[PDB]
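First the structure, in the form of structure tokens, and then the observations on it.
Chains as they are written, first to last, in the authors' numbering: chain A2, 109 to 162; chain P2, 163 to 215.
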């Protein structure tokens, strides 16, 4: 069981690493610091769409 | 005048005092009336009955 737990802990540390290090041009995505951002897809002001990633 | 600080080259900006998150949704109170004076001097009232949800 300790042999299985070592792989579980190694993958557990891998899950946190993916969340922290995943980024788009230096902007973190999966660490929870992205929050919600509005993407402007209109020719006039105020035509954006919210995107959220927990 | 066409200096960038000319009054006619801008307007008046108003901002909400309360921040709303991405999970906020309009409830049973939705009407929003804008009452001001148009450029020609006549009073203009615009009523916005937003959609719940």
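For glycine and all other residues, C-beta sits at the position ideal for the given N, C-alpha and C.
Using a Cβ distance threshold of 8 Å, determine whether the stretch 193–201 of chain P2 contacts the stretch 169–184 of chain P2, with at least three qualifying pairs required. In this structure the stretch 193–201 of chain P2 does not lie against the stretch 169–184 of chain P2, because fewer than three pairs of beta carbons, one per stretch, are closer than 8 Å.
Does residue 184 (chain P2) come within less than 9 Å of chain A2 when only Cβ atoms are used? So, interface residue.
Where the beta strand (DSSP E) through residue 141 (chain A2) begins and ends: Here residue 141 (chain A2) belongs to no beta strand (DSSP E), and DSSP marks it neither H nor E.
Got a sec: which bits of the stretch 127–161 of chain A2 sit with their beta carbon under 7 Å from any beta carbon on chain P2, in order along the chain? Of all residues in the stretch 127–161 of chain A2, 144, 158, 160 have a Cβ within less than 7 Å of some Cβ in chain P2.
Measure the Cβ-Cβ separation of residue 139 (chain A2) and residue 128 (chain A2) and say whether it is below 9 Å. Yes. Within cutoff.
Tell me whether residue 184 (chain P2) sits in a helix, a strand or coil according to DSSP, three-state version. Residue state for residue 184 (chain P2) is assigned as coil, using DSSP reduced to three classes.
Could you compute how far the alpha carbon of residue 188 (chain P2) sits from the alpha carbon of residue 131 (chain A2)? C-alpha separation (whole angstroms): 33 Å.
Within a Cβ cutoff of 8 Å, which residues of the same chain sit near residue 192 (chain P2), ignoring the five residues on either side of it in sequence? Cβ neighbours of residue 192 (chain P2) beyond the five flanking positions: 211, 212, 213, 214.
Using 8 Å for Cβ pairs, my map puts residue 142 (chain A2) next to residue 158 (chain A2). What's the rounded Cβ distance? The pair is not a contact, with the Cβ atoms about 12 Å apart (cut-off 8 Å).
In DSSP terms, what residue 135 (chain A2) is bridged to: When DSSP reads this structure, residue 135 (chain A2) sits in a beta bridge with 132 (chain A2).
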